[PDB]
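In: coords below, sequence missing:
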């Protein structure tokens, strides 16, 4: 029944990769919209001292966005996988490429 | 309450992003397995004329695995998203960024 194993495995990874690109493509789209939203919002909040403070801390949080940085680092993870799928600039040498340096003789 | 919006959105993409790289990690694993599987299977089929013919067309299909080629090209779409989110290496301007072989000497 190997034939059913192959079909099940194939469909599994198929859907995983299909949705994979879909999700990522959506992320870039959402980010663009959010950035535009805060822009217009700041313009409206500027007409109020209280609102000004609301956006003051909001933009600050965006700057120190550790979570935002995590998303960027997520794309970096994918890069390593790509390099694994396609070495290209392979530095894998079958030798002791440690590059030691002693010197300075004594007695 | 906007706080519920932000929290729901945060967990939504945060979870889908970490799982995203996890799926890709599994993809490369299965790929390696399939490669070894066809190798072992072909050698086992070499001991029988009937199995040899079955594996003859089987390996043929794997070599011309349009599905395998599809998954490969899928990763290429991901690489595009990377350059789309953060070009850096790319430089697109309204000026002629092509440097033809001209003279341009100090005269």
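Out: The structure has been received and is ready for your questions. Residues are numbered from 1 along each chain as shown, chains lettered A, B, ... in the order given.
In: hey, where'd the helices end up in chain A?
Out: In chain A, the segments counted as helices under DSSP state H are A:2-45, A:49-63, A:66-85.
In: now these in CSV, with mean neighbour count and distance to residue A:93?
Out: All C-beta atoms are positioned from the backbone trio N, CA, C, and that covers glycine. Output for the helices of chain A, formatted as CSV (neighbours: other Cβ atoms under 10 Å in any protein chain shown; distance: least, Cβ to Cβ, whole Å):
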stretch, mean neighbour count, distance to residue A:93
helix A:2-45, 13, 33
helix A:49-63, 11, 43
helix A:66-85, 13, 17
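In: for these, give me CSV that also has distance to chain B.
Out: Shown next, in CSV, are the helices of chain A (distance: least, Cβ to the nearest Cβ, whole Å):
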stretch, distance to chain B
helix A:2-45, 4
helix A:49-63, 10
helix A:66-85, 5
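In: which residues touch residue A:85?
Out: Each residue near residue A:85 by Cβ atoms under 8 Å, 6 or more residues apart in numbering or on different chains is listed here: B:28, B:75.
In: redo that, cut-off 6 Å
Out: Not one residue lies near residue A:85 by Cβ atoms under 6 Å, 6 or more residues apart in numbering or on different chains.
In: check residue A:75 too.
Out: Applying Cβ under 6 Å, 6+ apart, we find residue A:75 in contact with residue B:82.
In: and it, how close does it get to residue A:24?
Out: Distance, residue A:75 to residue A:24, by Cβ to Cβ, to the nearest Å: 8 Å.
In: likewise for residue A:39?
Out: Distance of residue A:39 to residue A:24, given as Cβ to Cβ: 24 Å.
In: swap in residue A:58?
Out: When distance is defined by Cβ to Cβ, residue A:58 is 26 Å away from residue A:24.
In: go on, residue A:100?
Out: From residue A:100 to residue A:24 the distance is 44 Å (Cβ to Cβ).
In: could you do residue A:16 as well?
Out: Distance, residue A:16 to residue A:24, by Cβ to Cβ: 13 Å.
In: next one: residue A:84
Out: Taken as Cβ to Cβ, the span from residue A:84 to residue A:24 is 18 Å.
In: isn't residue A:16 right next to residue B:23, touching?
Out: Yes - under the criterion of Cβ atoms under 6 Å, residue A:16 is in contact with residue B:23, at a separation of 4.5 Å.
In: between those two, what contacts are shared?
Out: By Cβ under 6 Å, 6+ apart, no residue touches both residue A:16 and residue B:23.
In: run the chain-centre distance for stretch A:76-86.
Out: In terms of Cα atoms, centre = their mean, to the nearest Å, the centre of stretch A:76-86 is found 12 Å from the chain centre.
In: likewise stretch A:19-37?
Out: 13 Å.
In: swap in stretch A:64-77?
Out: Per Cα atoms, centre = their mean, the centroid offset for stretch A:64-77 relative to its chain is 6 Å.
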